[PDB]
Amino acid sequence: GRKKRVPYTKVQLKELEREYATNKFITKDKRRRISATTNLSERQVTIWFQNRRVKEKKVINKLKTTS
DNA sequence: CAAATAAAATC
DNA sequence: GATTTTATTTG
């Protein structure tokens, strides 16, 4: 546990981290691959990529134990 | 495309 | 209420 709000599909996040770790961002042909697998509309696939950038920032902020 | 705060949702 | 995780957002 140890979490607040719930996320979407673990498969989506997993593949998101996968492609993200490959470089940072990918082409439309690659995003479409993820979209077809997550049943997304392509557009939101690119949004989640940007969201991943703030995700890591949140982790670094938590790794402080100042509260 | 990128950094992200709002914002909802769980606690 | 606090944290966390996405959508709306402008550069």
# chains A, B, ... in the order shown; residues from 1 in each chain; ligands from 1
call {"tool": "interface_residues", "arguments": {"of": "chain C", "to": "chain A", "cutoff": "10 Å", "atoms": "only C-alpha atoms (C1' of nucleotides)", "output": "PyMOL selection string"}}
result
chain C and resi 2-7
call {"tool": "interface_residues", "arguments": {"of": "chain B", "to": "chain A", "cutoff": "7 Å", "atoms": "only C-alpha atoms (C1' of nucleotides)", "output": "mmCIF file with C-alpha atoms (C1' of nucleotides), in the first residue's frame"}}
result
data_model
loop_
_atom_site.group_PDB
_atom_site.id
_atom_site.type_symbol
_atom_site.label_atom_id
_atom_site.label_comp_id
_atom_site.auth_asym_id
_atom_site.auth_seq_id
_atom_site.Cartn_x
_atom_site.Cartn_y
_atom_site.Cartn_z
ATOM 1 C "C1'" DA B 2 8.217 20.196 -21.401
ATOM 2 C "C1'" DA B 4 3.320 21.348 -13.677
ATOM 3 C "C1'" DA B 9 -9.363 10.783 -5.240
ATOM 4 C "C1'" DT B 10 -7.856 8.027 -1.568
ATOM 5 C "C1'" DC B 11 -6.567 8.248 3.151
#
call {"tool": "select_by_dssp", "arguments": {"residues": "chain A", "states": "helix (DSSP H, G or I)", "output": "ChimeraX atom specification"}}
result
/A:10-22,28-38,43-62
call {"tool": "closest_residue", "arguments": {"among": "A:67, A:62, A:45, A:1", "to": "residue 20 of chain A", "atoms": "only C-alpha atoms"}}
result
A:45
call {"tool": "atom_distance", "arguments": {"atom1": "atom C1' of residue 1 of chain C", "atom2": "atom CA of residue 60 of chain A"}}
result
22.8 Å
